[PDB]
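Containing compact mmCIF, C-alpha atoms and all ligand atoms: coords.txt.
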# COMPACT_ATOMS: atom_id res chain seq x y z
CA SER A 1 -5.65 -0.28 30.93
CA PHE A 2 -2.86 -2.71 30.14
CA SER A 3 0.74 -1.66 30.59
CA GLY A 4 4.35 -2.73 30.13
CA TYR A 5 3.57 -4.47 26.81
CA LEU A 6 5.86 -4.55 23.77
CA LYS A 7 3.99 -3.79 20.54
CA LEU A 8 4.66 -6.40 17.88
CA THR A 9 2.16 -5.29 15.22
CA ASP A 10 -0.71 -2.80 14.92
CA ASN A 11 -2.91 -5.08 17.03
CA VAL A 12 -0.62 -7.62 18.82
CA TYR A 13 1.20 -6.86 22.08
CA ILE A 14 3.31 -9.07 24.36
CA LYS A 15 4.58 -8.97 27.93
CA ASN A 16 6.54 -11.20 30.30
CA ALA A 17 3.82 -11.90 32.83
CA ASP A 18 1.55 -14.23 34.72
CA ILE A 19 -1.79 -14.16 32.94
CA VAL A 20 -3.61 -14.61 36.27
CA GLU A 21 -1.71 -11.67 37.77
CA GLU A 22 -2.37 -9.61 34.63
CA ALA A 23 -6.05 -10.50 34.79
CA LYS A 24 -6.28 -9.68 38.49
CA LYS A 25 -4.71 -6.27 37.87
CA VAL A 26 -6.39 -5.32 34.59
CA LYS A 27 -9.76 -7.03 35.02
CA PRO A 28 -10.18 -7.05 31.20
CA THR A 29 -13.45 -7.55 29.33
CA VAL A 30 -12.12 -10.88 28.08
CA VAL A 31 -9.46 -13.30 29.29
CA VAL A 32 -8.62 -16.28 27.08
CA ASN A 33 -8.28 -19.75 28.62
CA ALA A 34 -6.13 -22.41 26.98
CA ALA A 35 -8.82 -25.10 27.38
CA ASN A 36 -9.34 -28.70 26.35
CA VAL A 37 -12.60 -30.00 24.76
CA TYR A 38 -13.88 -31.16 28.15
CA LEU A 39 -13.15 -27.83 29.94
CA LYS A 40 -11.22 -29.90 32.50
CA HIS A 41 -9.00 -27.15 33.94
CA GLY A 42 -6.29 -29.40 35.43
CA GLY A 43 -2.94 -27.85 34.51
CA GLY A 44 -1.13 -25.01 32.73
CA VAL A 45 -3.04 -21.77 32.16
CA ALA A 46 -6.43 -23.46 32.76
CA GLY A 47 -5.34 -24.99 36.09
CA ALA A 48 -4.04 -21.58 37.22
CA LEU A 49 -7.02 -19.51 36.06
CA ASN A 50 -9.40 -22.04 37.61
CA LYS A 51 -7.51 -22.09 40.91
CA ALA A 52 -7.69 -18.31 41.02
CA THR A 53 -11.53 -18.59 40.75
CA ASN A 54 -11.62 -20.89 43.79
CA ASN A 55 -12.84 -23.62 41.42
CA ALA A 56 -15.89 -21.53 40.37
CA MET A 57 -14.71 -21.77 36.75
CA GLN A 58 -14.70 -25.61 36.90
CA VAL A 59 -18.20 -25.76 38.41
CA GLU A 60 -19.58 -23.48 35.71
CA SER A 61 -17.67 -25.43 33.05
CA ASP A 62 -19.01 -28.75 34.29
CA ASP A 63 -22.56 -27.39 33.95
CA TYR A 64 -21.72 -26.17 30.40
CA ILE A 65 -20.47 -29.60 29.35
CA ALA A 66 -23.39 -31.48 30.89
CA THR A 67 -25.74 -29.27 28.89
CA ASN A 68 -23.90 -28.89 25.58
CA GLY A 69 -21.32 -31.68 25.35
CA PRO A 70 -17.59 -31.09 24.58
CA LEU A 71 -16.12 -28.44 22.30
CA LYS A 72 -14.28 -29.23 19.11
CA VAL A 73 -10.55 -28.73 18.84
CA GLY A 74 -10.18 -25.27 17.34
CA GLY A 75 -13.51 -24.22 18.86
CA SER A 76 -14.48 -21.98 21.79
CA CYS A 77 -17.21 -20.96 24.22
CA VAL A 78 -17.77 -17.79 26.22
CA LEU A 79 -18.31 -18.24 29.93
CA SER A 80 -18.08 -16.10 33.02
CA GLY A 81 -14.80 -14.32 33.73
CA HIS A 82 -15.62 -14.65 37.48
CA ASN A 83 -13.19 -12.56 39.60
CA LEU A 84 -10.56 -12.27 36.84
CA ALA A 85 -12.44 -10.62 34.00
CA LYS A 86 -15.91 -9.93 32.66
CA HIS A 87 -15.89 -12.95 30.37
CA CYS A 88 -13.70 -15.94 29.81
CA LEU A 89 -13.21 -17.18 26.25
CA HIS A 90 -12.29 -20.86 26.49
CA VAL A 91 -10.35 -21.75 23.34
CA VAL A 92 -9.16 -25.22 22.45
CA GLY A 93 -5.91 -25.23 20.52
CA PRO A 94 -4.69 -28.63 19.16
CA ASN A 95 -2.65 -30.79 21.52
CA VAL A 96 0.10 -32.29 19.41
CA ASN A 97 1.02 -34.63 22.28
CA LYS A 98 -2.39 -36.22 21.61
CA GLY A 99 -1.65 -36.21 17.87
CA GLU A 100 -4.14 -33.38 17.13
CA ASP A 101 -3.73 -31.52 13.81
CA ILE A 102 -1.61 -28.35 14.00
CA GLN A 103 -3.68 -26.80 11.21
CA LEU A 104 -6.42 -26.37 13.82
CA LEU A 105 -4.29 -23.73 15.52
CA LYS A 106 -5.36 -21.11 12.95
CA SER A 107 -9.01 -22.07 13.62
CA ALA A 108 -8.42 -21.69 17.36
CA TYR A 109 -7.04 -18.14 16.96
CA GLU A 110 -9.89 -17.12 14.63
CA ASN A 111 -12.08 -17.25 17.77
CA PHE A 112 -10.25 -14.10 19.01
CA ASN A 113 -11.69 -12.05 16.14
CA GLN A 114 -15.17 -12.14 17.73
CA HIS A 115 -13.79 -9.94 20.52
CA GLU A 116 -12.45 -6.41 20.26
CA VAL A 117 -9.83 -6.78 23.03
CA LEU A 118 -8.43 -9.88 24.76
CA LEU A 119 -5.87 -10.89 27.37
CA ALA A 120 -4.51 -14.21 26.11
CA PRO A 121 -1.78 -16.85 26.29
CA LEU A 122 -0.08 -18.31 23.21
CA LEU A 123 -2.31 -21.17 22.07
CA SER A 124 -1.10 -24.79 21.85
CA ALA A 125 2.23 -23.91 23.55
CA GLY A 126 3.35 -25.21 26.97
CA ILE A 127 1.98 -28.67 27.71
CA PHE A 128 -0.01 -28.69 24.42
CA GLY A 129 3.39 -29.39 22.84
CA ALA A 130 3.51 -26.95 19.90
CA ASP A 131 6.44 -24.60 19.25
CA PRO A 132 5.60 -21.22 20.82
CA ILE A 133 7.36 -19.38 18.01
CA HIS A 134 5.02 -20.98 15.46
CA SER A 135 2.05 -20.18 17.70
CA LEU A 136 2.97 -16.50 17.76
CA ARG A 137 3.35 -16.41 13.97
CA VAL A 138 -0.13 -17.86 13.56
CA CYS A 139 -1.44 -15.38 16.11
CA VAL A 140 -0.16 -12.30 14.29
CA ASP A 141 -1.19 -13.72 10.88
CA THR A 142 -4.72 -14.55 12.10
CA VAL A 143 -5.87 -12.20 14.82
CA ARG A 144 -7.15 -8.84 13.64
CA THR A 145 -8.53 -7.59 16.99
CA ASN A 146 -6.43 -6.28 19.87
CA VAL A 147 -4.59 -9.03 21.71
CA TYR A 148 -2.40 -8.64 24.77
CA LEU A 149 -0.27 -11.83 25.08
CA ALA A 150 1.02 -12.88 28.51
CA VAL A 151 4.07 -15.12 28.41
CA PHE A 152 5.04 -16.56 31.75
CA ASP A 153 8.54 -17.89 31.02
CA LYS A 154 11.08 -15.04 30.60
CA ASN A 155 13.47 -17.13 28.49
CA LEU A 156 10.69 -17.96 26.08
CA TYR A 157 9.57 -14.29 26.10
CA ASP A 158 13.13 -13.17 25.17
CA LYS A 159 13.34 -15.78 22.40
CA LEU A 160 9.92 -14.81 21.00
CA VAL A 161 10.88 -11.12 20.96
CA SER A 162 14.43 -11.56 19.66
CA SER A 163 13.29 -14.00 16.96
CA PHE A 164 10.23 -12.04 15.85
CA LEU A 165 10.12 -11.37 12.11
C1 LIG B 1 0.31 -18.67 35.20
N1 LIG B 1 0.66 -19.14 33.87
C2 LIG B 1 0.92 -20.45 33.53
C3 LIG B 1 1.17 -20.56 32.21
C4 LIG B 1 1.07 -19.23 31.66
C5 LIG B 1 1.22 -18.62 30.39
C6 LIG B 1 1.78 -19.36 29.24
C7 LIG B 1 1.36 -20.32 28.36
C8 LIG B 1 2.51 -20.88 27.77
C9 LIG B 1 3.58 -20.25 28.33
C10 LIG B 1 4.97 -20.38 28.77
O1 LIG B 1 5.52 -19.33 29.04
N2 LIG B 1 5.50 -21.60 29.05
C11 LIG B 1 5.59 -22.12 30.43
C12 LIG B 1 7.00 -22.60 30.76
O2 LIG B 1 7.81 -22.85 29.59
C13 LIG B 1 7.03 -23.46 28.55
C14 LIG B 1 5.96 -22.53 28.01
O3 LIG B 1 3.15 -19.25 29.17
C15 LIG B 1 1.03 -17.25 30.27
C16 LIG B 1 0.77 -16.51 31.40
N3 LIG B 1 0.62 -17.03 32.63
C17 LIG B 1 0.76 -18.38 32.73
Can you turn what I pasted into C-alpha cells?
Amino acid sequence: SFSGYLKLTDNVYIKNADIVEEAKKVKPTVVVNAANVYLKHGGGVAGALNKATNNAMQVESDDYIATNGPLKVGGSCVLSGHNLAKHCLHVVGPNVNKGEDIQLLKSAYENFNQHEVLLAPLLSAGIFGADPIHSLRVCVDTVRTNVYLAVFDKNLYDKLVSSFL
C-alpha cells in the first residue's frame, strides 16, 4: 500500500512527502487532518487537504460544527475522506501560538489509537508552533497503531531522522 517509508519503530513510519500527494496515491482508509476546533481549514495541512477536496471538506465540516459545536483541543471527529481517503480523522493538536497547553499533544495523538492504520502529519508542528522533534517523540511514545507520517519539508525530515533516538 504505502511505500518509500523509513521505519522508526514497530508501528511508526516516516517519509519525505506531500500528505495530499500521498493520500491521492494511496487512498488510505484514514487520513489525519491537522485541524482547529472550528474545522476552519484555512492554511497548512488543513488548507491543502481541503483545497484538494474542491472545498467539499469545508462544506461537510461547516455542517458538522453547526450541528455539534466546536471540538476540544486534543479532541477529534471522523468525517468523510472525500476523494483522498475513506475517512478523514480531524485532530486538534494544541496551538502554542495561541497559548494552548502542550500537554494536550499527547491527548491529540491518543485519537490515532482508535484506528488500525493512518496517514498523518506531525501534530502541532508547522504553524501550530510546536517543535516537530518533540511532536515526533510524543507520537512514538503514544501511538500504538500503524502510523505513516508525511513530512513535507525535506530539511525537517532529515533533522527528524538524524536526531531520532
Ligand atoms: C502539503 N503539506 C503541507 C504541510 C504538510 C505536512 C506537514 C506538517 C508539518 C510539516 C512540515 O514539514 N513543515 C512545513 C514547512 O516547515 C515547517 C514544518 O509538514 C505534511 C505533508 N504534507 C503537507
Worksheet item: Using all atoms listed in the file, which of the listed residues (A:36, A:124, A:50, A:114) sits closest to residue 138 in chain A?
Response: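 Checking each of A:36, A:124, A:50, A:114 against residue 138 in chain A, counting all atoms listed in the file, the winner is A:124.
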Worksheet item: Which residues come within 12 Å of residue 54 in chain A, counting all atoms listed in the file, excluding same-chain residues fewer than 4 positions away, as a PyMOL selection string?
Response: chain A and resi 41+47-50+58-60+82-84
File of the preceding selection, C-alpha atoms, as a tab-separated table (two decimals), keeping the file's coordinate frame:
chain	number	residue	atom	x	y	z
A	41	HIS	CA	-9.00	-27.15	33.94
A	47	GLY	CA	-5.34	-24.99	36.09
A	48	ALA	CA	-4.04	-21.58	37.22
A	49	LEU	CA	-7.02	-19.51	36.06
A	50	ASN	CA	-9.40	-22.04	37.61
A	58	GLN	CA	-14.70	-25.61	36.90
A	59	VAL	CA	-18.20	-25.76	38.41
A	60	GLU	CA	-19.58	-23.48	35.71
A	82	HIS	CA	-15.62	-14.65	37.48
A	83	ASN	CA	-13.19	-12.56	39.60
A	84	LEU	CA	-10.56	-12.27	36.84
Discussion item. Nearest residue to residue 71 in chain A out of A:92, A:100, A:149, A:37, using only C-alpha atoms?
Written reply: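 When distances to residue 71 in chain A are compared using only C-alpha atoms, the smallest one comes from A:37.
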Worksheet entry | Test item: residues no farther than 6 Å from ligand LIG 1 (chain B), counting only C-alpha atoms and all ligand atoms, as a ChimeraX atom specification | /A:17-20,44-45,48,121-122,125-126,150-153
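Taking CA of residue 146 in chain A and CA of residue 42 in chain A as endpoints, the distance between them is 27.9 Å.
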Worksheet item: Could you work out how far CA of residue 74 in chain A lies from CA of residue 51 in chain A, giving the answer in Å with one decimal?
Response: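 Distance reported for this atom pair: 23.9 Å.
Remark: for residue 143 in chain A, the closest of the candidate residues A:11, A:53, A:162, A:3 is A:11 (distances computed over only C-alpha atoms).
Here the question is which of A:159, A:144, A:15, A:72 gets nearest to residue 132 in chain A using only C-alpha atoms, and that residue is A:159.
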Item to complete: Could you give me, as a ChimeraX atom specification, the residues within 10 Å of residue 64 in chain A, counting only C-alpha atoms and dropping anything in the same chain fewer than 3 positions from it?
Response: /A:38-39,58-61,67-70,77,79
Fill in: CA of residue 78 in chain A to CA of residue 135 in chain A, straight-line distance in Å
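We find that CA of residue 135 in chain A and CA of residue 78 in chain A lie 21.7 Å from each other.
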Worksheet item: Given the choices A:33, A:107, A:163, A:113, which gets closest to residue 85 in chain A if the distance is worked out from all atoms listed in the file?
Response: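 Of the candidates, the smallest distance to residue 85 in chain A is held by A:33.
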Item to complete: May I have the residues within 10 Å of residue 101 in chain A as a list in words, using all atoms listed in the file and disregarding those fewer than 5 positions away in the same chain?
Response: residues 73, 74, 93, 94, 95 and 96 of chain A
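Distances here use all atoms listed in the file; by that measure, the residue among A:154, A:7, A:115, A:106 closest to residue 87 in chain A is A:115.
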